[PDB]
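Please read the structure below before turning to the comments.
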Ligand code: HEM
Ligand SMILES: CC(C)=C[C@H](O)C/C(C)=C/CC/C(C)=C/Cc1c(C)[nH]c2ccccc2c1=O
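This is the structure we're talking about:
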């Protein structure tokens, strides 16, 4: 009973795994009575992410009404409060809408993320890996600019707007997570940036020669007469700008913390470079940037003797499931000839950007291990606030050639 009260943030934040452990041995599923259900075991986690009895129409759910009443506080700007009720082009939706949007978007997205763009991912990774030896904070000087540079290039942001995009990208990044520890002027400041980047994205799309890249390809995509509207194109641009920022930056920070804590596993990478991909999957497993994915039951349901009611919110603990996805799951091992993970979700909503995040993370680690013999981060680590995401706020790293 005192286990439930334990998720979250009484510096459950700083280390949640032993508590995730308690959950799996004792209380695999429970009503949070903050509001939602909480799910901790690999098998049910997979099961719920995959099932067509669970969806993501979050704006039309009672969940935020409930959360807000419980918190006694107004919702901060959040992806999927959508824009004006319409959370749809944010993929916080179910078939047949999600199906239509996913198909059109992923067709353009892949064409903008092929091995032709690889050189610029490497360039961004190596610059960042290089910045690490003369930075004060690896979060704001290295992890956060790397995905901003990459996405700017994927999207075809013109040279002149790079400064504008990077500023927007900064205000919007926290709109991925829920955080009720956000003053007013900052909600506003962040709201303006949702509005201004949607304004800008429309205009770039309707205005022919957007450079080669995603904005332009989102315009050209056509599946037998079917095609994205211009508000769909701009909302998708924003979704992609938010989706790929803090997930990627948190993971760069967490990767760093993890090789600091396990110097031998790093040694393995620098000495065995054929394991670079397996190591990335392992970081993402051991320290995922998102500890939860969310679902809404579309139907009264049974998931392992638990009784879920139409319209209940279900919090899927990706971070917990992962710790039992492989044998000895509490050991960080980059040599796992395996790497089963929930960090990208499963089923129809499987992270669309996951080949790109993997590419980014792999080039980053490859440059990292080729450039440096050791990395050490100063302990203890301060983590960003928020409900579902986990990664460091600041980071001091010592590095050696
Ligand atoms: C950095 C590592 C990343 C992780 C750990 C991550 C994780 C996620 C997770 C947990 C979801 C929810 C999946 C579910 O509900 O089952 C998601 C969805 C999504 N992600 Fe990411 N992501 C990452 C990087 C990216 C990047 C770089 C992009 C874009 C460039 C991206 C674009 C999206 C999109 C568009 C969706 C919605 C998919 C849908 O509903 O069909 N992801 N990803
Ligand atoms: C998934 C979801 C809507 C969860 C809850 O409603 C709110 C919550 C506590 C979120 C924390 C982080 C979060 C939104 C995680 C899953 C997820 C990620 C990582 N990226 C996305 C990108 C685009 C669209 C949806 C998601 C998503 O749901």
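Numbering (the entry's author numbering), first residue to last: 11 to 411.
Each residue gets a CB set at the ideal place from its N, CA and C atoms; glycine is no exception.
In terms of CA proximity to residue 102, 249 leads the group 24, 221, 136, 249. Distance between residue 74 and residue 261, taken at the CA atoms: about 27 Å. Between residue 332 and residue 352 a beta carbon distance of about 6 Å is seen, short of the 8 Å cut, so the two are scored as contacting. Taking C-alpha positions only, residue 199 is separated from residue 284 by approximately 45 Å. Excluding the 5 residues flanking it on each side, residue 167 has same chain C-beta neighbours closer than 6 Å at 175, in chain order.
Collapsing the DSSP output to three states places residue 136 in a helix. Going by DSSP, residue 386 is part of the beta strand (DSSP E) stretching over 384-387.
The residue among 385, 399, 380, 366 with its C-alpha nearest the C-alpha of residue 123 is 366. Listed as beta-bridge partners of residue 306 by DSSP are 65, 323. DSSP, reduced to helix, strand and coil, places residue 399 within a strand of the structure shown. Contact annotation: residue 293 and residue 264 have beta-carbon atoms nearer than 8 Å. Not one heavy atom of ligand 2 lies closer than 7 Å to the C-beta of residue 192.
Rounded to whole angstroms, the gap between the alpha carbons of residue 72 and residue 337 is 38 Å. The shortest C-alpha to C-alpha distance from residue 384 to any of 277, 360, 368 is the one to 277. The closest heavy atom of ligand 1 lies 7 Å or more from the beta carbon of residue 325. Straight-line measurement puts the Cα of residue 37 at about 25 Å from the Cα of residue 357.
At least one heavy atom of ligand 1 lies less than 7 Å from the C-beta of residue 363.
Residue 307 and residue 89 have their alpha carbons spaced roughly 20 Å apart. Of all alpha-carbon atoms in 127, 238, 410, the one lying nearest the alpha-carbon of residue 160 is that of 127. As a beta-bridge residue in DSSP terms, residue 96 pairs with 93. No heavy atom of ligand 1 is found nearer than 7 Å to the CB of residue 155.
Taking 8 Å as the cut-off, the beta carbon of residue 288 is found no closer than this to the beta carbon of residue 326. If you look at residue 41, you'll find it in the beta strand (DSSP E) that goes 39-41.
Taking C-beta atoms under 8 Å as the contact rule, residue 305 and residue 149 fail to qualify, at a distance of about 30 Å. DSSP, reduced to helix, strand and coil, places residue 336 outside both helices and strands of the structure shown, so it counts as coil. Under DSSP, the beta-bridge partners assigned to residue 393 are 402. In the structure shown, the three-state DSSP call for residue 176 is helix. Closest in alpha carbon position to residue 313, among 29, 42, 63, is 63.
Under the rule that a run must span 4 or more residues, the alpha helix (DSSP H) segments found entirely inside the stretch 174-254 read 194-216, 224-230, 240-253. Assigned with DSSP and collapsed to three states, residue 312 falls in strand. In the three-state reduction of the DSSP assignment, residue 163 falls in the helix class. Distance from the C-beta of residue 90 to the nearest heavy atom of ligand 2 is below 7 Å.
With contact defined as three or more Cβ pairs closer than 8 Å, the stretch 102-116 and the stretch 367-374 are not in contact. Taking a contact as a CB-CB distance under 8 Å, the pair residue 121 and residue 295 does not count as one, their CB atoms being some 29 Å apart. Judged by their CB atoms, residue 398 and residue 302 are nearer to each other than the 8 Å cut-off.
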